[PDB]
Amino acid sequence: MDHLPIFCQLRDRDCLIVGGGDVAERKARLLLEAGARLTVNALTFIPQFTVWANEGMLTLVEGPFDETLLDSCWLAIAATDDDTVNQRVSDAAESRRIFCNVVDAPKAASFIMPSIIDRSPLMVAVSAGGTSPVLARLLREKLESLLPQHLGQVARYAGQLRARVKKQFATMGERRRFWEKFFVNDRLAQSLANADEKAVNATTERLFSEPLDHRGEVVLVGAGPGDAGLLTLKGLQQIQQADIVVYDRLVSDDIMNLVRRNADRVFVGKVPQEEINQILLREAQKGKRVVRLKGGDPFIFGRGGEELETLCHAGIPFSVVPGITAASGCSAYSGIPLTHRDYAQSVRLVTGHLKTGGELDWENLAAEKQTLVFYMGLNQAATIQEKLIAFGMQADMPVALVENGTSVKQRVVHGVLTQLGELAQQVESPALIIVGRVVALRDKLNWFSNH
């Protein structure tokens, strides 16, 4: 990330503003509301600074820049229209390791002042680092319309209850469940905004009195096939609140960025199945919220049933959030719809790597008017070609392989069935093989990329 947002406690800490114009005044007003001990150093001052100075709210130093005024400071702001002066300020701040903002030069000097949405004590800060002030302001207004103006009172009351919550609830999980009920209780928010203290108390005492669940839980969450935008809203909620996230190699890097930063992550990629069940079983017995993040959809060639059998065998509660399976994602993003008019009566999702000497029912798979989608069939692509042809599929049946479907690394190769073996040499796992007349729709429906 380009910047690290922090929320600084400036109360009674010295800060310096150099410059005495309109820009300096708006930054000074901010620092004053944050309680800073403020010095302003400038050749001239607009009248607002004299009004602040006679109220004793800051110190004015009328004159050129004095570097020694930085000696006690925690923050420095260069707010003159003289870039030579602003750079002397920035240089002096740098040598002293004082974070310094140069208002007219965001890319220089060590901090940026963001746009602020204030629901005190709740605060939201927005900045595009100076690369796009219009987007920061567009975003700032949208956030203004979505944050209710009684949220400050809800947050203020939360702060007042924190000691009691810590005293009455022993486990972190029991305290988080209390807070999760607290922050979605609309009647409590309303009673706070109305200063209705009998109602605040009645709801609060009931909240403290509820039996808060003590169980751990396992949620199986389909990550989708790669693109982070293909996570479901419920899936995002689970990994934004998980204690632990058990993920594999087929969950994309972008989806792992949506995981709550405070969550522990355990990789189980290449690990057999007997092991994954074990991690899930024991992390859930610790009373922790566990998410098993699986590529695609958990119940389509994902051994999701096997993970849930063990937890049912152990009395551990669980749920399942379905995901965009690889077939749907690659279909959408390659421009190959899985059904279309009477091209396809049926869609077949097939595994290409099977148990022991188990054989696919090739005469069944070769039937017309269907779309075949082979999962993990890359290394058997030459056998699929041979078998489909031998069991009657026409030689010029279109085929496509979609490698890393829906991601920015997506590659699609396509051809006819007699090419399937050669085409598979040109991609690598993870890839889908799609066989069917719908493949020819690609050059009309492909919106995603030339790769």
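Numbers follow the displayed sequence, beginning with 1.
Point to revise | Residues of the deposited sequence left unbuilt between residue 271 and residue 270 | key: Per the record, 4 to 9 deposited residues are absent between residue 270 and residue 271.
Review point. Hey, which bit's got the bigger mean C-alpha B factor in the entry, 309-317 or 235-243?
Key: Taking the mean B-factor of the alpha carbons in each, 309-317 is higher.
Exercise for review: Higher average CA B factor in the deposited record is what I'm after, so tell me if that's 84-92 or 352-360.
Suggested key: Averaged over C-alpha atoms, the B-factors run higher in 352-360.
Point to revise | Largest Cα B-factor, entry values, listed residues 410, 385, 68, 426 | key: Result of the comparison over 410, 385, 68, 426: 426.
Practice item. In terms of CA temperature factor as recorded, identify the highest of 280, 112, 117, 326. Key: Largest recorded C-alpha B-factor: 280.
Check your understanding: Would the CA B-factor of residue 51 place it in the lowest, middle or highest third of its chain?
Key -> Residue 51: CA B-factor falls in the highest third of its chain.
Check your understanding: Would the CA B-factor of residue 377 place it in the lowest, middle or highest third of its chain?
Key -> It belongs to the middle third of the chain when residues are ordered by C-alpha B-factor.
Practice item. Report the third (lowest, middle or highest) to which the CA temperature factor of residue 22 belongs, ranking only the modelled residues of the same chain. Key: Within its chain, residue 22 is a middle-third residue by C-alpha B-factor, going by the deposited values.
Exercise for review: For residue 405, return the chain-relative third of its C-alpha B-factor as stated in the PDB record: lowest, middle or highest.
Suggested key: Within its chain, residue 405 is a lowest-third residue by C-alpha B-factor, going by the deposited values.
**Study point:** Ranked C-alpha temperature factor of residue 302 among modelled chain residues, by third
**Key:** It falls in the top third of the chain.
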